[PDB]
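Below is one structure, written out as structure tokens; comments come after it.
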Amino acid sequence: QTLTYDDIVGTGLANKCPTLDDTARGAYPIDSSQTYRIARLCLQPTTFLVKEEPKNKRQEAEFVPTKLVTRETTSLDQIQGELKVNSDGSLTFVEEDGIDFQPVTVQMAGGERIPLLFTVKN
Amino acid sequence: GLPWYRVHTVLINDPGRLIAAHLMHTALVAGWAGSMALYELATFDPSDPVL
Ligand code: CLA
Ligand code: CLA
Ligand code: CLA
Ligand code: CLA
Ligand SMILES: CCCCCCCCCCCCCCCC(=O)OC[C@H](COP(=O)(O)OC[C@@H](O)CO)OC(=O)CCCCCCCCCCCCCCC
């Protein structure tokens, strides 16, 4: 609904992207003689995997799951950019601005902490 | 006086202090097992059970 700050504050929902109804599965007509724009792009990570270091013999590195330690601070939001219609018909989003980065620290088995700049800049 | 090699014979006809000695022994063994695993965990590298 149209909630308010006071409704949301301290619940963790500020780090959540909006959702569409399970019944919302139509289609947006695109119009070559038009110009488009993403007015809001929101990205909310749910899982962080980090490639383990396979030893000098190696065999193959897998992506191992990690533990988030930096709390509900991880989401990209209020990202804007124009949506061109290309000539082969494809569409291209070109990020202009937004809160497009979050520093995140996850932890690996054995206590290795791995910081990273979760981002989509440019 | 008792000789050094006989001090622990005071427990022979003293069932409670025998039990107290036996408890202390048991404390030191379990203590050791605790300590030994802690030092093993602090020095064990578990990144390669192959080599
Ligand atoms: C469950 C095992 C056990 C138990 C409960 C006892 C108990 C006893 N023994 Mg016996 N004994 C044992 C095993 C055992 N013994 C074994 C395996 C041997 C062969 C080595 C002997 C050989 C032996 C002799 C030759 C004599 C006794 C005597 C005694 C009595 C007095 C001991 C004393 O005051 O020590 C005093 C001891 C000290 C003040 C210091 C000893 C320091 C030693 C050398 C090294 C310590 C290492 C360290 C603490 C780690 C422990 C070792 C590890 C195995 C756990 C006591 C009733 C004495 C006795 O008959 O008295 C009438 C005696 O003369 N014992
Ligand atoms: C399981 C261990 C154990 C137990 C339960 C007993 C129990 C008993 N002893 Mg024996 N005793 C032991 C080991 C043990 N003793 C050892 C190893 C020795 C050689 C030192 C003796 C020598 C001894 C004597 C000479 C006498 C007793 C006596 C007694 C009685 C009274 C306690 C006392 O005066 O303490 C005395 C014993 C101690 C205080 C032992 C202290 C040992 C310390 C903790 C060693 C620590 C070393 C070091 C810090 C290790 C750390 C790492 C290092 C690298 C820094 C009681 C029956 C007395 C008694 O009534 O008999 C008539 C007595 O006169 N004991
Ligand atoms: C109901 C009968 C009963 C039960 C269950 C036991 C059980 C035990 N006795 Mg035996 N004992 C009995 C009757 C009994 N006793 C009788 C009638 C006598 C003649 C008086 C003895 C005399 C005797 C001697 C002289 C010694 C024992 C010891 C032991 C213990 C040796 C193993 C040990 O410490 O493990 C390791 C222990 C644990 C992992 C944890 C034990 C925790 C338990 C559950 C106790 C909890 C508190 C409880 C209310 C205290 C009473 C316990 C019970 C022994 C009466 C064991 C728990 C020895 C002992 O005390 O060794 C330290 C010892 O030296 N007993
Ligand atoms: C089944 C295993 C077992 C058995 C049967 C015993 C039996 C005994 N231990 Mg215990 N103990 C055990 C496991 C065991 N322990 C474990 C796993 C730990 C922890 C690692 C301990 C830690 C421990 C401590 C800390 C002490 C004992 C003590 C005792 C003795 C008390 C009775 C006494 O007066 O001895 C009379 C003594 C003897 C009969 C001589 C025992 C000789 C043995 C075989 C060792 C031989 C010499 C030794 C290797 C030299 C070490 C030198 C080193 C500095 C380089 C007895 C011999 C106490 C003791 O000996 O007090 C005096 C004592 O202080 N034990
Ligand atoms: C935390 C860990 C704690 C560990 C505690 C350390 C262990 C405690 C001390 C143990 C050492 C005992 C030494 C006692 C020494 C001792 O007092 O001996 C003399 C002693 C005499 O005993 P008696 O029956 O005369 O009693 C007199 C009393 O005063 C004894 O308390 O005899 C015994 O101890 C019997 C064993 C003889 C021991 C034979 C040793 C001979 C060595 C000489 C040869 C040297 C080598 C050279 C030749 C190449």
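The chains referred to below are lettered A, B, ... by the order of the sequence lines, with proteins before strands, and numbering in each begins at 1. Read the numbers this way: they start at 1 and go in the same order the structure lists the ligands and their atoms. These values consider heavy atoms only, across backbone and side chains, with no hydrogens, waters or symmetry-generated copies.
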Open item on the list: Looking only at protein heavy atoms, which one is nearest to atom 20 (C) of ligand 4, and what is the separation?
Closed with: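 Sorting protein heavy atoms by distance from atom 20 (C) of ligand 4 puts B/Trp32 CG, 3.6 Å first.
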- [ ] Starting from atom 61 (O) of ligand 1, find the nearest protein heavy-atom neighbour and note its residue, name and distance.
- [x] B/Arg6 CG, 3.5 Å
Open item on the list: Taking transitive links into account, so neighbours of neighbours count too, which hydrophobic residues share a cluster with A/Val9 at under 4.5 Å side-chain distance?
Closed with: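 Members other than A/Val9 - counting any ILVMFWY side chain reachable under 4.5 Å - are A/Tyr5.
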Show the distances, to 0.1 Å, for all pairs joining an N/O atom of ligand 5 and a protein N/O atom that are shorter than 3.5 Å, listing one pair per line.
{"unit_1": "ligand 5", "atom_1": "24 (O)", "unit_2": "B/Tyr5", "atom_2": "OH", "d": "2.8"}
{"unit_1": "ligand 5", "atom_1": "31 (O)", "unit_2": "B/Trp4", "atom_2": "N", "d": "3.1"}
{"unit_1": "ligand 5", "atom_1": "34 (O)", "unit_2": "B/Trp4", "atom_2": "NE1", "d": "2.8"}

Open item on the list: With nothing but distance in play, are any N or O atoms of B/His8 less than 3.5 Å from an N or O of ligand 1?
Closed with: yes
Please report whether [atom] has a protein non-hydrogen atom at a separation of less than 4.0 Å.
{"atom": "atom 64 (O) of ligand 4", "answer": "no"}
{"atom": "atom 43 (C) of ligand 4", "answer": "no"}
{"atom": "atom 55 (C) of ligand 1", "answer": "no"}
{"atom": "atom 10 (Mg) of ligand 1", "answer": "no"}
{"atom": "atom 39 (C) of ligand 1", "answer": "yes"}
{"atom": "atom 5 (C) of ligand 1", "answer": "no"}
{"atom": "atom 47 (C) of ligand 1", "answer": "no"}
{"atom": "atom 27 (C) of ligand 4", "answer": "yes"}

Please table the atom pairs, donor to acceptor, closer than 3.5 Å between any side-chain atom in residues 37-51 of chain B and protein atoms at least two apart or in another chain.
{"unit_1": "B/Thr43", "atom_1": "OG1", "unit_2": "B/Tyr39", "atom_2": "O", "d": "3.1"}
{"unit_1": "B/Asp45", "atom_1": "OD1", "unit_2": "B/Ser47", "atom_2": "N", "d": "2.9"}
{"unit_1": "B/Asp45", "atom_1": "OD1", "unit_2": "B/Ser47", "atom_2": "OG", "d": "2.6"}
{"unit_1": "B/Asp45", "atom_1": "OD2", "unit_2": "B/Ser47", "atom_2": "OG", "d": "3.4"}
{"unit_1": "B/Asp48", "atom_1": "OD1", "unit_2": "A/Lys57", "atom_2": "NZ", "d": "3.0"}
{"unit_1": "B/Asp48", "atom_1": "OD1", "unit_2": "B/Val50", "atom_2": "N", "d": "2.7"}
{"unit_1": "B/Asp48", "atom_1": "OD1", "unit_2": "B/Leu51", "atom_2": "N", "d": "2.8"}
{"unit_1": "B/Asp48", "atom_1": "OD2", "unit_2": "A/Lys57", "atom_2": "NZ", "d": "3.3"}

Task: Candidate pair A/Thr4 and A/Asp6, rule side chain to side chain donor-acceptor pair (under 3.5 Å), full reasoning - done: CA-CA 5 Å; A/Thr4 71; A/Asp6 286 318; 5.1 Å; no
Open item on the list: Counting neighbours of CZ on A/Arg37 that are heavy atoms of other residues, nucleotides or ligands and sit closer than 6.0 Å, is the number greater than 12?
Closed with: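 Yes, the 6.0 Å shell around CZ holds more than 12 heavy atoms from other groups.
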- [ ] Anything protein N/O/S under 2.8 Å from atom 10 (Mg) of ligand 4? Just list residue and atom, please.
- [x]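 B/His25 NE2, with waters left out.
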Open item on the list: With heavy-atom distances below 4.0 Å as the criterion, list the atoms of ligand 1 near B/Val7.
Closed with: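 The list of qualifying atoms is 34 (O).
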